$ cat data26.txt   # compact mmCIF, N, CA, C and O atoms
# COMPACT_ATOMS: atom_id res chain seq x y z
N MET A 1 46.78 75.74 -113.92
CA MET A 1 48.24 75.49 -114.07
C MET A 1 48.66 74.29 -113.23
O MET A 1 47.85 73.68 -112.54
N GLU A 2 49.95 73.98 -113.34
CA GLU A 2 50.63 73.08 -112.43
C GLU A 2 50.82 73.75 -111.08
O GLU A 2 50.74 73.10 -110.04
N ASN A 3 51.10 75.06 -111.09
CA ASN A 3 51.34 75.82 -109.88
C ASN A 3 50.12 75.79 -108.95
O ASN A 3 50.28 75.67 -107.74
N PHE A 4 48.93 75.91 -109.53
CA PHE A 4 47.71 75.97 -108.74
C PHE A 4 47.62 74.73 -107.86
O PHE A 4 47.20 74.81 -106.70
N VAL A 5 48.03 73.59 -108.42
CA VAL A 5 47.93 72.30 -107.75
C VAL A 5 48.83 72.29 -106.50
O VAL A 5 48.40 71.86 -105.43
N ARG A 6 50.06 72.79 -106.64
CA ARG A 6 51.02 72.81 -105.55
C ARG A 6 50.46 73.60 -104.36
O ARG A 6 50.79 73.30 -103.21
N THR A 7 49.60 74.58 -104.67
CA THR A 7 49.20 75.62 -103.74
C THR A 7 48.39 75.05 -102.59
O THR A 7 48.80 75.16 -101.43
N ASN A 8 47.23 74.45 -102.90
CA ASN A 8 46.21 74.15 -101.91
C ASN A 8 45.87 72.66 -101.91
O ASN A 8 44.74 72.29 -101.59
N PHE A 9 46.84 71.81 -102.26
CA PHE A 9 46.73 70.37 -102.06
C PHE A 9 47.76 69.95 -101.02
O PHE A 9 48.73 70.66 -100.78
N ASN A 10 47.56 68.76 -100.43
CA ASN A 10 48.36 68.28 -99.32
C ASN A 10 49.77 67.88 -99.76
O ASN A 10 50.08 67.89 -100.95
N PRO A 11 50.67 67.54 -98.81
CA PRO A 11 51.87 66.78 -99.14
C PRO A 11 51.47 65.46 -99.80
O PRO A 11 51.95 65.12 -100.88
N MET A 12 50.52 64.77 -99.15
CA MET A 12 50.21 63.37 -99.41
C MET A 12 49.26 63.20 -100.59
O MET A 12 48.86 62.07 -100.88
N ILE A 13 48.87 64.30 -101.24
CA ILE A 13 48.15 64.23 -102.50
C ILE A 13 49.09 64.63 -103.64
O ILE A 13 49.09 63.99 -104.69
N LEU A 14 49.86 65.71 -103.42
CA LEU A 14 50.89 66.14 -104.35
C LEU A 14 51.89 65.01 -104.56
O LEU A 14 52.29 64.72 -105.68
N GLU A 15 52.29 64.39 -103.44
CA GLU A 15 53.17 63.24 -103.43
C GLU A 15 52.55 62.10 -104.24
O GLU A 15 53.17 61.61 -105.18
N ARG A 16 51.33 61.70 -103.86
CA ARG A 16 50.62 60.58 -104.46
C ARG A 16 50.32 60.84 -105.94
O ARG A 16 50.36 59.91 -106.75
N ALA A 17 50.00 62.09 -106.29
CA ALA A 17 49.70 62.46 -107.66
C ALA A 17 50.96 62.42 -108.52
O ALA A 17 50.89 62.12 -109.71
N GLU A 18 52.11 62.70 -107.89
CA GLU A 18 53.39 62.77 -108.57
C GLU A 18 53.87 61.36 -108.91
O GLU A 18 54.43 61.12 -109.97
N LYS A 19 53.63 60.43 -107.97
CA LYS A 19 53.89 59.02 -108.21
C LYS A 19 53.01 58.54 -109.36
O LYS A 19 53.52 58.06 -110.36
N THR A 20 51.68 58.71 -109.21
CA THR A 20 50.71 58.17 -110.15
C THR A 20 50.97 58.75 -111.55
O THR A 20 50.78 58.06 -112.55
N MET A 21 51.41 60.01 -111.61
CA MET A 21 51.78 60.62 -112.88
C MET A 21 53.10 60.03 -113.37
O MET A 21 53.21 59.66 -114.53
N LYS A 22 54.09 59.93 -112.47
CA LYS A 22 55.37 59.33 -112.82
C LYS A 22 55.16 57.87 -113.19
O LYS A 22 55.91 57.34 -114.01
N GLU A 23 54.14 57.23 -112.60
CA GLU A 23 53.80 55.84 -112.87
C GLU A 23 53.39 55.66 -114.34
O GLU A 23 53.74 54.65 -114.95
N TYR A 24 52.66 56.64 -114.90
CA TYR A 24 52.29 56.61 -116.30
C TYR A 24 53.44 57.12 -117.17
O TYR A 24 53.46 56.86 -118.38
N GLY A 25 54.37 57.86 -116.57
CA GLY A 25 55.50 58.43 -117.28
C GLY A 25 55.14 59.79 -117.88
O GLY A 25 54.95 59.92 -119.08
N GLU A 26 55.05 60.80 -117.00
CA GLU A 26 54.61 62.13 -117.38
C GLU A 26 54.89 63.07 -116.22
O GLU A 26 54.64 62.73 -115.06
N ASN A 27 55.43 64.25 -116.54
CA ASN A 27 55.85 65.23 -115.55
C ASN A 27 54.63 66.05 -115.11
O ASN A 27 53.73 66.28 -115.92
N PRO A 28 54.53 66.48 -113.83
CA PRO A 28 53.51 67.46 -113.42
C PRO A 28 53.34 68.64 -114.37
O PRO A 28 52.22 69.06 -114.64
N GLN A 29 54.47 69.16 -114.87
CA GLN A 29 54.49 70.34 -115.72
C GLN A 29 54.39 69.94 -117.19
O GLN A 29 54.08 70.78 -118.03
N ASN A 30 54.64 68.66 -117.48
CA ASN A 30 54.42 68.10 -118.81
C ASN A 30 52.94 68.21 -119.15
O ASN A 30 52.59 68.40 -120.32
N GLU A 31 52.08 68.07 -118.13
CA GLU A 31 50.66 68.35 -118.26
C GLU A 31 50.12 68.85 -116.93
O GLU A 31 49.92 68.07 -116.00
N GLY A 32 49.87 70.17 -116.85
CA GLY A 32 49.36 70.80 -115.65
C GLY A 32 47.93 70.38 -115.34
O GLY A 32 47.54 70.36 -114.17
N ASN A 33 47.16 70.05 -116.39
CA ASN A 33 45.77 69.65 -116.27
C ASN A 33 45.63 68.35 -115.50
O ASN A 33 44.95 68.29 -114.48
N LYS A 34 46.27 67.29 -116.02
CA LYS A 34 46.13 65.94 -115.49
C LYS A 34 46.65 65.88 -114.06
O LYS A 34 46.18 65.06 -113.28
N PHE A 35 47.62 66.74 -113.72
CA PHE A 35 48.14 66.83 -112.37
C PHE A 35 47.03 67.32 -111.43
O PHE A 35 46.90 66.82 -110.32
N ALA A 36 46.24 68.29 -111.91
CA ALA A 36 45.14 68.87 -111.15
C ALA A 36 43.96 67.89 -111.06
O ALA A 36 43.35 67.74 -110.00

$ encode --input "data26.txt" --output "structure tokens"
Amino acid sequence: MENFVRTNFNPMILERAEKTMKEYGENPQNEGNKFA
């Protein structure tokens, strides 16, 4: 899930992953896989 990612990843990876995902134009929950 998207939830699993929030659980046991850092601030600075969740943060960085959210940018990089937002950079492509896609929500964490829009695709839980690619976020992980």

$ residues_around --input "data26.txt" --residues "residue 27 (chain A)" --least-positions-apart "5" --cutoff "8 Å" --atoms "only C-alpha atoms" --output "list in words"
residues 18, 21 and 22 of chain A

$ residues_around --input "data26.txt" --residues "residue 4 (chain A)" --least-positions-apart "5" --cutoff "8 Å" --atoms "only N, CA, C and O atoms" --output "ChimeraX atom specification"
/A:9,32,36

$ write_last_selection --input "data26.txt" --atoms "N, CA, C and O atoms" --output "CSV table (one decimal), in the frame of the given file"
chain,number,residue,atom,x,y,z
A,9,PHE,N,46.8,71.8,-102.3
A,9,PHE,CA,46.7,70.4,-102.1
A,9,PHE,C,47.8,70.0,-101.0
A,9,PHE,O,48.7,70.7,-100.8
A,32,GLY,N,49.9,70.2,-116.8
A,32,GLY,CA,49.4,70.8,-115.6
A,32,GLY,C,47.9,70.4,-115.3
A,32,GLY,O,47.5,70.4,-114.2
A,36,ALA,N,46.2,68.3,-111.9
A,36,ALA,CA,45.1,68.9,-111.2
A,36,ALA,C,44.0,67.9,-111.1
A,36,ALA,O,43.4,67.7,-110.0

$ select_by_dssp --input "data26.txt" --residues "chain A" --states "helix (DSSP H, G or I)" --output "ChimeraX atom specification"
/A:2-8,11-24,32-35

$ atom_distance --input "data26.txt" --atom1 "CA of residue 23 (chain A)" --atom2 "CA of residue 35 (chain A)"
12.4 Å

$ axis_aligned_box --input "data26.txt" --around "region 17-24 of chain A" --padding-each-side "8 Å" --output "JSON"
{"center_x": 52.8, "center_y": 58.7, "center_z": -112.3, "size_x": 22.2, "size_y": 24.1, "size_z": 28.1}

$ atom_distance --input "data26.txt" --atom1 "atom O of residue 31 (chain A)" --atom2 "atom C of residue 7 (chain A)"
15.2 Å

$ atom_distance --input "data26.txt" --atom1 "atom N of residue 2 (chain A)" --atom2 "atom O of residue 28 (chain A)"
5.6 Å
